[PDB]
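Below: the structure, in structure tokens.
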Amino acid sequence: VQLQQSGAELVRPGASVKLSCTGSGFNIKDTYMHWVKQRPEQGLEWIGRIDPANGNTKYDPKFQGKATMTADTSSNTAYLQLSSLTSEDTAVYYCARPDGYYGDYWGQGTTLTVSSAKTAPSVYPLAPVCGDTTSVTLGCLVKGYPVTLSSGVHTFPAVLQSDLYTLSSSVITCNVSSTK
Amino acid sequence: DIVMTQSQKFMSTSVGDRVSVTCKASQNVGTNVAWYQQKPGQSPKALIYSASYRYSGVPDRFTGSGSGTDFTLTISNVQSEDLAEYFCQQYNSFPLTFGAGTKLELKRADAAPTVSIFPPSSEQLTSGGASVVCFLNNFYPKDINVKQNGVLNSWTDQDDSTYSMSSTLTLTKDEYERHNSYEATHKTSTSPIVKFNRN
Amino acid sequence: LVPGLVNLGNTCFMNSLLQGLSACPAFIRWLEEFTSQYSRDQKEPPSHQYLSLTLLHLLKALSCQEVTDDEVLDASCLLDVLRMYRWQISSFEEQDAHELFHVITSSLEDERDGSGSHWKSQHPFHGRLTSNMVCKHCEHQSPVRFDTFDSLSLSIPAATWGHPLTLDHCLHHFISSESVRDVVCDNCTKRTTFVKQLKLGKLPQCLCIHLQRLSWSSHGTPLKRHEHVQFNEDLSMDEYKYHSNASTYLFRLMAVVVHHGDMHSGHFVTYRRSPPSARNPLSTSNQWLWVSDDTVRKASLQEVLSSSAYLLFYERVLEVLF
Ligand SMILES: */C(N)=[N+]1\[C@H]2CC[C@@H]1[C@H](NC(=O)c1ccc(-c3cncc(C4CC4)n3)cc1Cl)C2
Ligand SMILES: [Zn+2]
């Protein structure tokens, strides 16, 4: 019994977006339901609770002027609407639905991203030609990365500037959306 | 508003061990704390709804405890399934608030990393730029330190469960050739050893 | 096989409470004690006590097994005695188990305060709340104030996240308090803010919890709270107590009074343990019963723990050895 969410999206700063949720079991207005915000450094933050039998919800007072909530019942779509995005308003947004016997239901996450962009990158090798071997580890890197990219392999997560992510991998064959 | 102080971002355990992550709240929150679990790539899972009560599908390994202000989640006979992020959450008051999140890891015998450095490449120079990379792989201690400015870094999570790290410099060609005359330190080290010569 | 109680019309809320009080042996032993409790040598003979004896008469019959098969008793003999005290039932809002419990407990205390020369013992539902205030900038406290109770009447908290409500949450909501923002301190010699502690100082042997499931709505109509509160057979009170020491207080369930329906089809009912005196008058049973006026039926424990509690008659035990 899942609670599917809407797919992710990307916009420039100063815009506005709206998200969606729906599940494979009713009681939609016959329950409370929440939205929360997750970004790795600051962590999880609660933004509001919807009252889907009616619609006068409760918001976090540090969000109210920037986040708004609605929903529908016969079509199970509960929505979130948030506005005036900065690049600081990037995070994974979960919608949650409590249950009493099982642990409360959570949806597959929605990863809102915001930057001043709207570019399948280049790849470069990494070769220890110096030869001070005294059995060897080497690899490759990729410019401005969602990149798709055999044991003994370590790959690092992307870190990004100007919505272009520097990332690397370690073990030519750098093989070990965009096109190769 | 109200916030919960979690003790660390990171805790070390053994398999079959007993471990106790904690939360301390700003004010009296009664018995109204809940504990959650999240593994990388997943959505969160609720473990305990009051301070001590288990949901369905939660092993007897997990117990919650505390009242008012100081709270604890204890895992006994820790299984290999229990290496995840653990949050605590209030529901005594509006707004509802969480902690920062605590990851758990298998402790191990400290092991030095494997270090590599690479020069710029002719392809990278062909595009008009220059960039240098330092690998610090298979590190077994967490509090590694690696470093002038321009640095950017990236880290894997724990894998046998060693770490790994990447570190990078980026520059222009004429800037790179303007200065060729310029930390890899852990508790296993006596002093820094980083693997600059261009010719 | 406990005796039923006849109910025609208006008297179910008394029957359900009686079946509850009958499940607490300490209350029956107090009455056996209290009604026999006299002081030698005093020249003034004691004042009589129709209520204490009428109530013991019934609860002693509901405490032991039936003597005649499927016998149903008549507790209207109790209704007349209460009217000899001030109690004149005058509204539908008063046909309640908790209200009666407070009428009974007050009318017993009138009888303790009646005969004054002879010592009568205080009833086992009696406990004390304590209020105390501590200042944050100097970490020092006021001297305490005390208060009395016969029941912890817990208001039901409103939902926040949507986790199951527990008896712990309705208790911590009640036995706790906020901070005051303007009154001066002593140690800080001059305007200050301090924390209001509320805890319970005396714990009764018979502990009456009460969930405020029946109240009045915004504009005066009867409002019922339907959401379920989770409770356990054994309950530990060590976190609500004032004295900061390692001694332990633990309580075990004896009866649950439950309210079904509302208005036209509203009704009171009682889950309770079966009598102990199965040739072993000290062994508290573990077979539970469901009693509705003249109807008696076996009930499992999962049937009790799933019901929506109105009154919970907990009684203190020392250790969990069952
Ligand atoms: C037998 N079980 N019944 C008859 C006597 C008691 C019941 C039934 N009445 C009710 O069920 C009843 C009684 C009182 C209230 C009520 C309303 N508002 C507040 C309160 C509490 C006193 C604060 N009680 C509601 C009902 Cl439905 C008739
Ligand atoms: Zn002070």
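Each chain of the structure tokens is named A, B, ... in the order shown, its residues numbered from 1; ligands are numbered from 1 in display order.
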
Cut-off 6 Å: closest chain C/ligand 1 atom pairs per residue, using only C-alpha atoms and all ligand atoms, as a Markdown table:
```
| residue | atom | partner | partner_atom_place_in_ligand_line | distance |
| --- | --- | --- | --- | --- |
| C:10 | CA | ligand 1 | 5 (C) | 4.7 |
| C:11 | CA | ligand 1 | 5 (C) | 5.6 |
| C:12 | CA | ligand 1 | 1 (C) | 3.9 |
| C:13 | CA | ligand 1 | 6 (C) | 4.8 |
| C:92 | CA | ligand 1 | 14 (C) | 5.6 |
| C:93 | CA | ligand 1 | 16 (C) | 4.3 |
| C:94 | CA | ligand 1 | 22 (C) | 5.7 |
| C:95 | CA | ligand 1 | 6 (C) | 4.6 |
| C:96 | CA | ligand 1 | 14 (C) | 5.3 |
| C:214 | CA | ligand 1 | 20 (C) | 4.6 |
| C:215 | CA | ligand 1 | 19 (C) | 4.2 |
| C:216 | CA | ligand 1 | 18 (N) | 5.6 |
| C:222 | CA | ligand 1 | 18 (N) | 4.5 |
| C:262 | CA | ligand 1 | 27 (Cl) | 3.8 |
| C:263 | CA | ligand 1 | 27 (Cl) | 4.0 |
| C:266 | CA | ligand 1 | 11 (O) | 3.8 |
| C:267 | CA | ligand 1 | 2 (N) | 3.5 |
| C:268 | CA | ligand 1 | 2 (N) | 4.1 |
```

*Leaving out residue 151 (chain B) and any residue of its chain fewer than 2 positions from it, which residues lie within 7 Å of it when counting only C-alpha atoms, given as a VMD selection string?*
chain B and resid 149 153 168 to 169

Take the residues that were just selected and, keeping N, CA, C and O atoms, output them as an mmCIF file, in the first residue's frame.
```cif
data_model
loop_
_atom_site.group_PDB
_atom_site.id
_atom_site.type_symbol
_atom_site.label_atom_id
_atom_site.label_comp_id
_atom_site.auth_asym_id
_atom_site.auth_seq_id
_atom_site.Cartn_x
_atom_site.Cartn_y
_atom_site.Cartn_z
ATOM 1 N N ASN B 149 43.457 28.584 -0.869
ATOM 2 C CA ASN B 149 42.044 28.411 -1.164
ATOM 3 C C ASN B 149 41.838 27.788 -2.545
ATOM 4 O O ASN B 149 42.784 27.511 -3.285
ATOM 5 N N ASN B 153 35.845 19.288 -2.054
ATOM 6 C CA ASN B 153 36.016 17.931 -1.555
ATOM 7 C C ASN B 153 34.720 17.142 -1.705
ATOM 8 O O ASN B 153 33.633 17.711 -1.827
ATOM 9 N N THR B 168 40.216 18.262 -4.699
ATOM 10 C CA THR B 168 40.409 18.802 -6.039
ATOM 11 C C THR B 168 40.796 20.275 -5.990
ATOM 12 O O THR B 168 40.346 21.027 -5.120
ATOM 13 N N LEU B 169 41.646 20.670 -6.939
ATOM 14 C CA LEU B 169 41.973 22.060 -7.223
ATOM 15 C C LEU B 169 41.593 22.369 -8.668
ATOM 16 O O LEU B 169 41.687 21.505 -9.544
#
```

*Considering only C-alpha atoms, extract the chain B residues located within 10 Å of chain A and return them as a ChimeraX atom specification.*
/B:1,36,41-49,54-58,87,89,94-101,114-124,127,132-135,137-138,152-157,159,163-168

_Two-atom distance - CA of residue 32 (chain C), CA of residue 270 (chain C) (Å)_ =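 Answer for the CA of residue 32 (chain C) to CA of residue 270 (chain C) separation: 23.4 Å.
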
*For ligand 2, collect every residue having any atom at a distance of at most 7 Å from a ligand atom (counting only C-alpha atoms and all ligand atoms); output as a PyMOL selection string.*
chain C and resi 135-140+185-188

*Distance-based interface of chain C with chain A, 7 Å, counting only C-alpha atoms, as a VMD selection string*: chain C and resid 162 to 164

Sorted by chain and rising residue number, which residues of chain B lie within 8 Å of chain C, and what are their closest atom pairs and distances in Å to one decimal, counting only C-alpha atoms, as a Markdown table?
```
| residue | atom | partner | partner_atom | distance |
| --- | --- | --- | --- | --- |
| B:28 | CA | C:176 | CA | 8.0 |
| B:30 | CA | C:172 | CA | 5.0 |
| B:31 | CA | C:169 | CA | 5.7 |
| B:32 | CA | C:169 | CA | 6.7 |
| B:49 | CA | C:163 | CA | 6.1 |
| B:50 | CA | C:166 | CA | 7.3 |
| B:67 | CA | C:239 | CA | 7.3 |
| B:91 | CA | C:160 | CA | 5.8 |
| B:92 | CA | C:160 | CA | 7.2 |
| B:93 | CA | C:160 | CA | 7.2 |
| B:94 | CA | C:160 | CA | 7.4 |
| B:96 | CA | C:161 | CA | 7.7 |
```

Next, dump the selected residues to file, keeping only N, CA, C and O atoms, as a PDB file, in the first residue's frame.
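Okay, this is what ended up in part36.pdb:
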```
ATOM      1  N   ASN B  28      10.031  20.905  28.685  1.00  0.00           N
ATOM      2  CA  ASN B  28       9.308  19.686  29.031  1.00  0.00           C
ATOM      3  C   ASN B  28       8.341  19.316  27.911  1.00  0.00           C
ATOM      4  O   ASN B  28       7.402  20.062  27.612  1.00  0.00           O
ATOM      5  N   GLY B  30       6.822  16.215  27.895  1.00  0.00           N
ATOM      6  CA  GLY B  30       6.037  15.084  28.364  1.00  0.00           C
ATOM      7  C   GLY B  30       6.643  13.765  27.925  1.00  0.00           C
ATOM      8  O   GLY B  30       7.833  13.500  28.127  1.00  0.00           O
ATOM      9  N   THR B  31       5.809  12.923  27.318  1.00  0.00           N
ATOM     10  CA  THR B  31       6.228  11.644  26.759  1.00  0.00           C
ATOM     11  C   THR B  31       6.155  11.639  25.238  1.00  0.00           C
ATOM     12  O   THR B  31       6.086  10.568  24.623  1.00  0.00           O
ATOM     13  N   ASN B  32       6.195  12.819  24.623  1.00  0.00           N
ATOM     14  CA  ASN B  32       5.770  12.987  23.239  1.00  0.00           C
ATOM     15  C   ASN B  32       6.949  13.098  22.283  1.00  0.00           C
ATOM     16  O   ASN B  32       7.099  14.107  21.591  1.00  0.00           O
ATOM     17  N   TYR B  49       6.585   5.436  18.732  1.00  0.00           N
ATOM     18  CA  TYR B  49       5.689   6.589  18.643  1.00  0.00           C
ATOM     19  C   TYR B  49       5.575   7.388  19.938  1.00  0.00           C
ATOM     20  O   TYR B  49       5.780   8.604  19.916  1.00  0.00           O
ATOM     21  N   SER B  50       5.274   6.751  21.070  1.00  0.00           N
ATOM     22  CA  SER B  50       5.462   7.451  22.335  1.00  0.00           C
ATOM     23  C   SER B  50       6.945   7.370  22.671  1.00  0.00           C
ATOM     24  O   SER B  50       7.757   7.094  21.786  1.00  0.00           O
ATOM     25  N   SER B  67      11.663  10.732  29.715  1.00  0.00           N
ATOM     26  CA  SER B  67      10.473  11.503  30.038  1.00  0.00           C
ATOM     27  C   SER B  67      10.866  12.964  30.177  1.00  0.00           C
ATOM     28  O   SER B  67      12.000  13.282  30.543  1.00  0.00           O
ATOM     29  N   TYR B  91       6.111  15.838  19.054  1.00  0.00           N
ATOM     30  CA  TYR B  91       4.742  16.147  18.669  1.00  0.00           C
ATOM     31  C   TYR B  91       3.960  16.679  19.865  1.00  0.00           C
ATOM     32  O   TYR B  91       2.728  16.592  19.883  1.00  0.00           O
ATOM     33  N   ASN B  92       4.664  17.239  20.852  1.00  0.00           N
ATOM     34  CA  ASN B  92       4.014  17.896  21.979  1.00  0.00           C
ATOM     35  C   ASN B  92       3.405  19.233  21.571  1.00  0.00           C
ATOM     36  O   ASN B  92       2.337  19.612  22.068  1.00  0.00           O
ATOM     37  N   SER B  93       4.063  19.960  20.670  1.00  0.00           N
ATOM     38  CA  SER B  93       3.665  21.323  20.354  1.00  0.00           C
ATOM     39  C   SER B  93       3.809  21.581  18.860  1.00  0.00           C
ATOM     40  O   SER B  93       4.488  20.845  18.139  1.00  0.00           O
ATOM     41  N   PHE B  94       3.146  22.653  18.403  1.00  0.00           N
ATOM     42  CA  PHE B  94       3.324  23.216  17.069  1.00  0.00           C
ATOM     43  C   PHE B  94       4.330  24.352  17.124  1.00  0.00           C
ATOM     44  O   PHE B  94       4.228  25.218  18.004  1.00  0.00           O
ATOM     45  N   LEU B  96       6.080  21.081  14.818  1.00  0.00           N
ATOM     46  CA  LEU B  96       6.760  19.826  15.104  1.00  0.00           C
ATOM     47  C   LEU B  96       8.193  19.901  14.597  1.00  0.00           C
ATOM     48  O   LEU B  96       8.450  20.404  13.500  1.00  0.00           O
TER      49      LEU B  96
END
```

*Could you pull out the strand (DSSP E or B) residues of region 25-144 of chain A from DSSP and send them as JSON, numbers by chain?*
{"A": [33, 34, 35, 36, 37, 38, 39, 43, 44, 45, 46, 47, 48, 49, 50, 58, 59, 67, 68, 69, 70, 71, 78, 79, 80, 81, 82, 83, 91, 92, 93, 94, 95, 96, 97, 105, 106, 110, 111, 112, 113, 114, 123, 124, 125, 126, 139, 140, 141, 142]}

*Give me the residues within 9 Å of residue 7 (chain B) as a list in words, counting only C-alpha atoms and dropping any in the same chain fewer than 5 places off.*
residues 21, 22, 23, 24 and 102 of chain B

*Can you work out the spacing between CA of residue 205 (chain C) and CA of residue 26 (chain C) in Å, to one decimal?*
7.4 Å

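The nearest approach to residue 174 (chain B) among the residues B:60, B:77, B:8, B:129, with only C-alpha atoms taken into account, belongs to B:129.
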
*Could you pull the residues within 10 Å of residue 11 (chain B), counting only C-alpha atoms, minus those fewer than 4 positions along the same chain, as a VMD selection string?*
chain B and resid 7 19 to 21 83 102 to 107

*asked:* I'd like the contact shell of region 36-47 of chain C - 12 Å cut-off, only C-alpha atoms, skipping same-chain residues fewer than 6 positions apart - returned as a ChimeraX atom specification.
replied: /C:29-30,53,56,110-122

Mind dumping the selected residues with C-alpha atoms as a compact mmCIF listing (two decimals), in the first residue's frame?
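Result went into result23.txt, see below:
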```
# COMPACT_ATOMS: atom_id res chain seq x y z
CA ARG C 29 -10.89 -4.01 53.01
CA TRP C 30 -10.97 -0.31 53.90
CA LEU C 53 -22.50 -0.10 55.47
CA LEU C 56 -20.02 -2.49 51.82
CA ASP C 110 -18.78 13.34 55.65
CA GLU C 111 -18.92 10.13 57.69
CA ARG C 112 -15.24 10.24 58.63
CA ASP C 113 -15.83 13.84 59.71
CA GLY C 114 -19.05 12.78 61.46
CA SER C 115 -17.71 10.70 64.34
CA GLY C 116 -14.81 12.88 65.47
CA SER C 117 -13.64 11.43 68.77
CA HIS C 118 -13.06 7.94 67.35
CA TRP C 119 -10.37 7.60 64.71
CA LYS C 120 -11.62 6.52 61.28
CA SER C 121 -9.12 5.77 58.53
CA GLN C 122 -8.73 7.83 55.36
```

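With only C-alpha atoms as the atoms that count, the residue of C:104, C:229, C:82, C:317 with the shortest distance to residue 252 (chain C) is C:317.
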
*Please run DSSP on the backbone and report, as a PyMOL selection string, all residues within region 75-211 of chain C that come out as alpha helix (DSSP H).*
chain C and resi 76-83+97-112+167-174

Expected file contents, prior selection, N, CA, C and O atoms, as a compact mmCIF listing (two decimals), in the first residue's frame:
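What follows is the written file selection-v5.txt:
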```
# COMPACT_ATOMS: atom_id res chain seq x y z
N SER C 76 -31.04 -0.29 44.46
CA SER C 76 -31.85 0.88 44.79
C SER C 76 -31.79 1.20 46.28
O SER C 76 -32.07 2.34 46.67
N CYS C 77 -31.44 0.22 47.12
CA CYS C 77 -31.20 0.49 48.53
C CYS C 77 -30.08 1.50 48.72
O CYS C 77 -30.05 2.21 49.73
N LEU C 78 -29.16 1.58 47.76
CA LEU C 78 -28.08 2.56 47.85
C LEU C 78 -28.55 3.95 47.44
O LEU C 78 -28.14 4.95 48.04
N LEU C 79 -29.42 4.03 46.42
CA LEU C 79 -29.91 5.33 45.96
C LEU C 79 -30.60 6.10 47.07
O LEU C 79 -30.45 7.32 47.17
N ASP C 80 -31.38 5.41 47.91
CA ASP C 80 -32.09 6.10 48.98
C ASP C 80 -31.13 6.69 50.00
O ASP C 80 -31.34 7.80 50.50
N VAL C 81 -30.05 5.96 50.33
CA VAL C 81 -29.12 6.43 51.35
C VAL C 81 -28.41 7.69 50.89
O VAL C 81 -28.22 8.63 51.67
N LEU C 82 -28.01 7.74 49.61
CA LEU C 82 -27.33 8.93 49.10
C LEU C 82 -28.22 10.17 49.18
O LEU C 82 -27.71 11.28 49.37
N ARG C 83 -29.53 10.01 49.03
CA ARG C 83 -30.42 11.17 49.13
C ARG C 83 -30.52 11.68 50.56
O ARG C 83 -30.95 12.83 50.76
N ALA C 97 -20.71 8.19 35.80
CA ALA C 97 -19.94 7.37 36.73
C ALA C 97 -18.95 8.20 37.54
O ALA C 97 -18.83 8.00 38.76
N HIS C 98 -18.24 9.12 36.89
CA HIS C 98 -17.27 9.94 37.62
C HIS C 98 -17.97 10.83 38.63
O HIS C 98 -17.55 10.91 39.80
N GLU C 99 -19.03 11.53 38.21
CA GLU C 99 -19.77 12.39 39.12
C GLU C 99 -20.23 11.63 40.36
O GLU C 99 -20.06 12.11 41.49
N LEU C 100 -20.80 10.45 40.16
CA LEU C 100 -21.22 9.63 41.30
C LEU C 100 -20.04 9.28 42.19
O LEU C 100 -20.12 9.39 43.42
N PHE C 101 -18.93 8.84 41.58
CA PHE C 101 -17.72 8.53 42.33
C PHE C 101 -17.34 9.69 43.24
O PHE C 101 -16.98 9.48 44.41
N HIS C 102 -17.44 10.92 42.74
CA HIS C 102 -17.13 12.08 43.57
C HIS C 102 -18.24 12.37 44.57
O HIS C 102 -17.98 12.96 45.63
N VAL C 103 -19.48 11.99 44.27
CA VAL C 103 -20.53 12.11 45.28
C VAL C 103 -20.32 11.08 46.38
O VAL C 103 -20.42 11.40 47.58
N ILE C 104 -20.00 9.84 46.01
CA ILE C 104 -19.77 8.79 46.99
C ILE C 104 -18.57 9.14 47.87
O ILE C 104 -18.63 9.06 49.10
N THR C 105 -17.45 9.52 47.24
CA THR C 105 -16.24 9.79 48.01
C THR C 105 -16.41 10.98 48.95
O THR C 105 -15.83 10.99 50.04
N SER C 106 -17.22 11.97 48.56
CA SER C 106 -17.50 13.08 49.46
C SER C 106 -18.38 12.63 50.62
O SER C 106 -18.16 13.02 51.77
N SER C 107 -19.40 11.81 50.33
CA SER C 107 -20.33 11.37 51.36
C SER C 107 -19.69 10.38 52.33
O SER C 107 -20.17 10.25 53.47
N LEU C 108 -18.64 9.67 51.92
CA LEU C 108 -17.86 8.90 52.88
C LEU C 108 -17.05 9.82 53.79
O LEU C 108 -16.93 9.57 54.99
N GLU C 109 -16.49 10.89 53.22
CA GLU C 109 -15.70 11.82 54.00
C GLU C 109 -16.56 12.59 54.99
O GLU C 109 -16.08 12.98 56.06
N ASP C 110 -17.84 12.83 54.66
CA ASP C 110 -18.78 13.34 55.65
C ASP C 110 -18.89 12.40 56.84
O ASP C 110 -19.08 12.86 57.98
N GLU C 111 -18.78 11.10 56.61
CA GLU C 111 -18.92 10.13 57.69
C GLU C 111 -17.65 10.01 58.51
O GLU C 111 -17.71 9.79 59.72
N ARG C 112 -16.48 10.14 57.87
CA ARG C 112 -15.24 10.24 58.63
C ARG C 112 -15.24 11.48 59.50
O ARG C 112 -14.84 11.44 60.67
N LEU C 167 -1.93 6.57 27.51
CA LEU C 167 -2.24 7.06 28.85
C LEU C 167 -1.09 7.88 29.42
O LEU C 167 -1.32 8.78 30.24
N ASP C 168 0.14 7.59 29.00
CA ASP C 168 1.28 8.39 29.42
C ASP C 168 1.17 9.83 28.92
O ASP C 168 1.55 10.77 29.62
N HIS C 169 0.65 10.01 27.70
CA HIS C 169 0.55 11.34 27.12
C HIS C 169 -0.57 12.15 27.76
O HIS C 169 -0.43 13.36 27.93
N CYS C 170 -1.68 11.50 28.12
CA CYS C 170 -2.75 12.18 28.83
C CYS C 170 -2.38 12.46 30.27
O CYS C 170 -2.95 13.37 30.88
N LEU C 171 -1.43 11.70 30.83
CA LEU C 171 -0.97 11.97 32.18
C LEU C 171 0.07 13.08 32.20
O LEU C 171 -0.02 14.01 33.00
N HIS C 172 1.08 12.99 31.32
CA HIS C 172 2.10 14.03 31.27
C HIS C 172 1.52 15.37 30.84
O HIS C 172 2.04 16.42 31.23
N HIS C 173 0.46 15.36 30.04
CA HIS C 173 -0.23 16.60 29.71
C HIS C 173 -0.85 17.24 30.94
O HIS C 173 -0.91 18.47 31.04
N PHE C 174 -1.32 16.42 31.88
CA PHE C 174 -1.99 16.90 33.09
C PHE C 174 -0.99 17.24 34.19
O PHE C 174 -1.00 18.35 34.72
```

_Would you pick out the contacts of residue 318 (chain C) at 12 Å or less, using only C-alpha atoms, so that residues sharing its chain but fewer than 6 positions from it are not included, and give the list as a ChimeraX atom specification?_
/C:205,234-236,247-252

_Just want the 12 Å neighbourhood of residue 21 (chain C), counted on only C-alpha atoms, with same-chain residues fewer than 2 positions away dropped. Output as a PyMOL selection string._
chain C and resi 14-19+23-31+55-56+58-63+97-98+100-101+104-105+124-125+206-208+254-257+270-273+311-315

*Report the distance between CA of residue 197 (chain B) and CA of residue 131 (chain B) in Å, rounded to one decimal place.*
14.4 Å
